[PDB]
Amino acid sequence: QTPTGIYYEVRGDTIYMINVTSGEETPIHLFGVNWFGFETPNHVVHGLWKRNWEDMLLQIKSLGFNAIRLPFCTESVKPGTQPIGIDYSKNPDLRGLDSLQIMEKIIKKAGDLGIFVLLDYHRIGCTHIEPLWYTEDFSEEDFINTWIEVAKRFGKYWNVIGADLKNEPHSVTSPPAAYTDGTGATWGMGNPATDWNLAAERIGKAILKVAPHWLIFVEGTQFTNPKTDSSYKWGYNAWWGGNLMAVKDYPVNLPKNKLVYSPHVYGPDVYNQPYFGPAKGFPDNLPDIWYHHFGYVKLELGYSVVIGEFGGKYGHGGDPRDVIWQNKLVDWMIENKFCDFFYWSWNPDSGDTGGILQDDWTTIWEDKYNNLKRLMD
């Protein structure tokens, strides 16, 4: 069932797109990039002070990408939010539009271009990623209603593939405090106040009632439960939204043809993890780490796994071990058939990662892009 005539589904570990009208059904790959801004105080994808928005989509497509993960915060999806930071001289057709109308116009155009869009509820406020899907201020019922409104509206755009429910569930205290103190996310504590896995079935089910044709992307948490995390030597060093160690014992209960697990994984430019020390075997030690944190969900359990974010400066003004890190991760994704992904970040204005575009928002980093395009063939 679909409002658009397009229906998305997971068969095995592959995402397929069905066109109910022509009857066509083919597998699809997501060669993606994150274009952020709508989750920030700008309330609009960044770079429009230097570039025309349509030209940005064209350039993304010209480099071989066919998907964009679009982070947003609650405010940006409500009528009337004023965007800041657009050169109207270069974006005349954006004059007087609110942030919601701009997102609509960008998604509709990405569709004309054949670019899939994944909506990512990145932040509840517009200043930082919260550890849970609700705050002292904003309830889980509010979070879900925001999603319901978003789905009823964007479910009408054919190229929107679904929802990444909440960006980077994580913790703000240490374990064992973390698994019960209630300030952070968990998985398999059988505690509805903090179990992201139980939460995902809830949020996701609500979205599917309104957008049955969508996919539901579920990220990992940071810590899961002490049994799971302690059962592995690097069980305490997974990235925010990057711990999927608990999926084995605590699957997320959503239909199997709609669920997509979506881990995040980063390099030394983001956090100097202990396993990045060469005396610890870096980078040759990574495959098994990636395998433990999330790889096995696809390789062993057979589920669709789409890396939601990964990136780094690739030696341009950052830690030179990041070049080796990105090279190895791409090698590993290719060998193991993790063909669907969203890089972080199309934007150059990411403090700890830089992005595909250089600082002038026009030219790209060639070496960084040449490594990544191995995955685009």
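The term rigid core refers to the most C-alpha atoms you can superpose between the two forms while keeping them within 1.5 Å. Residue positions are given as counts along the sequence shown, with the first one as 1.
Between 187 to 195 and 257 to 265, the larger root mean square Cα shift in 4 other deposited structures of this protein, once each structure is superposed on the rigid core, falls on 187 to 195. In summary, of the stretches 64 to 72 and 22 to 30, 22 to 30 shows the greater Cα distance from the shown form in 4 other deposited structures of this protein, with structures fitted on the rigid core. Higher mean CA temperature factor, per the PDB entry, when comparing 242 to 250 with 136 to 144: 136 to 144. Between 204 to 212 and 183 to 191, the higher mean Cα B-factor belongs to 183 to 191. Highest CA B-factor among 225, 262, 159, 91, as stated in the entry: 225. Sorting 317, 311, 348, 37 by the CA temperature factor given in the entry leaves 317 at the top. Ranked by C-alpha B-factor against the other modelled residues of its chain, residue 111 falls in the lowest third.
Placement of the Cα temperature factor of residue 229 within the chain: highest third of the modelled residues, per the deposited record. In the PDB entry, residue 295 places in the lowest third of its chain by CA B-factor. Among all modelled residues in this chain, the alpha-carbon of residue 287 has a temperature factor (C-alpha) in the lowest third. Per-chain ranking of the deposited C-alpha B factor places residue 266 in the lowest third.
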